[PDB]
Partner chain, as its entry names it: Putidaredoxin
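Read the single chain below, which is given as structure tokens and is the form solved without the partner chain.
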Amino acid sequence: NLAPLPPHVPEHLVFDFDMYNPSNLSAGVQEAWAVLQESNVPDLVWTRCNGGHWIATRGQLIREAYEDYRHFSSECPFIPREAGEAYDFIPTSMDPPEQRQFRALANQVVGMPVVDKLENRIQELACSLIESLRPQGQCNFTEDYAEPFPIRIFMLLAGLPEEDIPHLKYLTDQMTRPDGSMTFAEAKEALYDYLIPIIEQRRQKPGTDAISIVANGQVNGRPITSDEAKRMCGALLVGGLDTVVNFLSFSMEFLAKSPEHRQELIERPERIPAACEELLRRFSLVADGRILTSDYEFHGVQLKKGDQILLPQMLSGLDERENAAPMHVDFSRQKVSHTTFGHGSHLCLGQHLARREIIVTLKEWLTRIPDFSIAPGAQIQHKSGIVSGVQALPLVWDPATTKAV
């Protein structure tokens, strides 16, 4: 379904890209989004899909817009407009300077310091999880590791019982890839209902878990309110439940289809870190945007106040103008340029946790299960949305080849 073209949007700039259901989705989700960068597509286009909105197709514009919060506000970061308007997570929907305070408190619960004191657990969990699968000679990756691994760590992080994983997970998925059952608002409201009671209890006594830290936090002056606490916790759900999870499946799907790259890491461990960044560029997966604060001519195009513009974080690193032969995975890429963890004042606060989980996965997995491949005769399917992901990943291997360390 297409929205009628607003009077102010050029005739020649219309490219009906459906961010939640791209035409070339069959060739991989990153490949589907890459069409927006073909020789005949303007740097900045307008799509009549999902309420109609702009779409910067080049990392140059993307990076640029993400730096100018004065014009491109995070107030309404999601598409459709109903989703963005409803989006009120702190600080992801705030613009500087208001953001500073909250982002600083949020940084306390997932930043590097937290990731370092968690390294051992993260590592132990990966091993424990993999050692379990190893003798099976097969697995449904997305659900057997890609999900349990990041989520349990996040739940331990937040101090939330693991029983709530399916619940919190489903709702979170509705904010990134709506199955259609519920709107963004409803999903958000549902998550808030889960958090609020928890915040109330934790607000009392201190606490090492994320929710406590936030609930007992102090932003610009007075103590943090429950609503603020709520909005802050929310901003952590997508990352702790839906981003890493999907990223691992993309990266692992690739590794299963490319023995070469696997062998390379297996016999050249030291390259795992660099390999992680390249996979982060290649299989980048987030794409949100901003809303115009006023009428503004941006690169020849006249944007009106209230317009929404999609700045796919996943496109920068695929832009041939920033990375030669972008669709090729080269662990030895001299300059791995990308905006996978975003760009600007909203740079991902969990990228450290992300990278560690990715590095621990590649390390522990390849060591114990170096030789594996996609189950015989199976097609891997992707899904596109605020956060694209992999539907399922059937992997198989011979147990005799596995190892225990």
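Positions refer to the first chain, counted from 1.
From this point on, the text means the form solved in complex with the partner chain, which you will not see here.
- The stretch among 295 to 303, 137 to 145, 150 to 158, 97 to 105 whose residues place heavy atoms within 4.5 Å of the partner chain in the deposited bound form is 97 to 105.
- Contact between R58 and the partner chain in the deposited bound form is not found at the 4.5 Å heavy atom cutoff.
- The closest non-hydrogen atom of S373 lies beyond 4.5 Å of the partner chain in the deposited bound form.
- Within this chain, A274 is remote from the site of the partner chain in the deposited bound form, having no heavy atom within 4.5 Å.
- At the 4.5 Å threshold, heavy atoms of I359 stay clear of the partner chain in the deposited bound form, well away from it.
- Interface residue among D116, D193, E270, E163 relative to the partner chain in the deposited bound form, by the heavy atom within 4.5 Å criterion: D116.
- Taking a 4.5 Å heavy atom cutoff to the partner chain in the deposited bound form, the contact residue among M182, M112, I266, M327 is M112.
- Along 58 to 74, a non-hydrogen atom within 4.5 Å of the partner chain in the deposited bound form is carried only by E67.
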